[PDB]
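In structure tokens, the next block holds one chain alone, the form deposited in one PDB entry.
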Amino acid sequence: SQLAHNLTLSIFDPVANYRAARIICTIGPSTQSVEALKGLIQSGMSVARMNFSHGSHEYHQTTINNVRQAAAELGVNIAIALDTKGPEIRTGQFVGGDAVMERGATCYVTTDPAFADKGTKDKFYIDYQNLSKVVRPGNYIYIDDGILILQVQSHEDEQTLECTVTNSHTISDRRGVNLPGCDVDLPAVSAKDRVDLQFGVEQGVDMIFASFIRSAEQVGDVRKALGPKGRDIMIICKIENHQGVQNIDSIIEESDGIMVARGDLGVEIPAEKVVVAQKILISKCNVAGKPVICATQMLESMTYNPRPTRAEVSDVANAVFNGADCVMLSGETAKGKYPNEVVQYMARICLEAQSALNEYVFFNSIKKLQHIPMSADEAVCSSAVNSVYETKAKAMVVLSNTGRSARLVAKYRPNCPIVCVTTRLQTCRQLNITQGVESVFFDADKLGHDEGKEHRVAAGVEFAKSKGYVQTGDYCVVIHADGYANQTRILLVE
């Protein structure tokens, strides 16, 4: 148990010889150059994130090219992620470019396009056309990152709502508006999204961080927007509101993974409930065997300060204790002052947290939830990880072309590194969001199809030796899984 494991711990013991958790970095003005990216890779970046809320297709082209050049110069594989802007509810414009809202006052929000460029403190535009159909009297309208809170009183007509201003705040032009407790029915992908997703497929991005996902249906729309040529690209759904939290089971089932966007969730949902939401979403992904990213507000104060707050450190640590595959950095790397340091410290926190983490609790909890009889794939992978514990094996070798069984093995959480051997470079990149896994590329073009499998097994073991995980005498659990043929060997290392 985790509690019993805590008793045996010492903060003066040397840390684990390997880091399981993965770090996602947002590329921007601070870190776009080849040299800056090489610093990021060496600091511990596994995935490069492109924020498509800003920048032209040419800015992100520079990022793509530079990421590829930096990784190739260091002989590593780095995943490229496209984070979409997504659909947005925003206000219109104001006369004088400004509107002062005072507590107690009455105002009118309208969806009539006439008021888009002449809004005042009394009446202004909101671009979400179905606003009146979704919102009822009693509901709240949040404006400007939820700083301004309006309470709906009644329908003035079909396009206008009577509202009370509950707090004093001054909103400028085109502020973002949130509708807490309301079922927003905006389309899955925006007009800009369809262009950006097309560009993603063309440039061969590894994964999509799909913004503002609310239902399972919308996951299908993002899939269709990618089309037949983008069928292999992973779709990671960003959960940003109550709808995504409510519909999570079906969302997970249709997606390739989940991002817990704490910041976005915090705007509509109380902070203490977001903490619990993080627990829920991470564990559901853990059982599903799909990557989960802890994102936004991670080491934020380290954007301009040389070190973060003690609370920020525990936040990162607990994301790992919760069971997250990945931890994300947004502005800390994008426009930050200490990009290498923040990644280096994040890696240090993850490594420290992993030393305190009793991996067996995860393994045992996930195995307990399996329905008997298990299918071949499930039984093989859980049994293989069980053999790691029972023989005290120091490494695992998984042969997986698509990375399917690699993620399935990683689900069961062994207390040793997992080495995936694959014939596809895309698999190497895409596994960078799966914890406890490292990828060896086996060039089937240059080295044959290895149908006997011995050459790939040898390539995996070789890597494990070079990294110092195993030596002569140690055990290493080798596993193959593709009418579904499979194999498991407990190998004695030469």
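The first residue of the shown sequence is 1; numbering continues from there.
Peer 1: Tell whether, across the other compared PDB entries, at least a third have no coordinates for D482.
Peer 2: Comparison shows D482 dropped in at least a third of the other entries.
Peer 1: How many missing residues of the deposited sequence lie between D482 and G483 in the entry, grouped as none, 1 to 3, 4 to 9, or 10 or more?
Peer 2: Per the record, 4 to 9 deposited residues are absent between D482 and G483.
Peer 1: Could you check which stretch, 165-173 or 247-255, carries the larger mean CA temperature factor in the entry?
Peer 2: Higher of the two, by average CA B-factor, is 165-173.
Peer 1: Between 175-183 and 415-423, which has the higher average C-alpha B-factor in the PDB entry?
Peer 2: That would be 175-183.
Peer 1: For the C-alpha B-factor as written in the entry, point me to the maximum among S314, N139, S383, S400.
Peer 2: Answer, based on the entry's C-alpha B-factors: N139.
Peer 1: Which one of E332, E359, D98, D377 shows the top CA temperature factor in the record?
Peer 2: Among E332, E359, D98, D377, the highest C-alpha B-factor in the entry belongs to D98.
Peer 1: If you rank the chain by CA B-factor, which third does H449 end up in: lowest, middle or highest?
Peer 2: Ranked within chain, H449 CA B lands in the highest tercile.
Peer 1: Mind checking which third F363 falls in for C-alpha B-factor across the chain?
Peer 2: Within its chain, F363 is a lowest-third residue by C-alpha B-factor, going by the deposited values.
Peer 1: Report the third (lowest, middle or highest) to which the CA temperature factor of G146 belongs, ranking only the modelled residues of the same chain.
Peer 2: Highest third.
Peer 1: State the tercile, meaning the lowest, middle or highest third, of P113 with respect to the CA B-factors recorded for its chain.
Peer 2: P113: CA B-factor falls in the highest third of its chain.
Peer 1: According to the PDB entry, is the CA B factor of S387 in the bottom, middle or top third of its chain, that is, lowest, middle or highest?
Peer 2: CA B-factor rank for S387: lowest third.
Omitted from view is the form deposited in another entry, to which the following refers.
Peer 1: Considering the rigid-body rotation between the shown form and the other one, which residue or segment among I147, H57, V316, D185 is located at the hinge?
Peer 2: For the motion described, the hinge option is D185.
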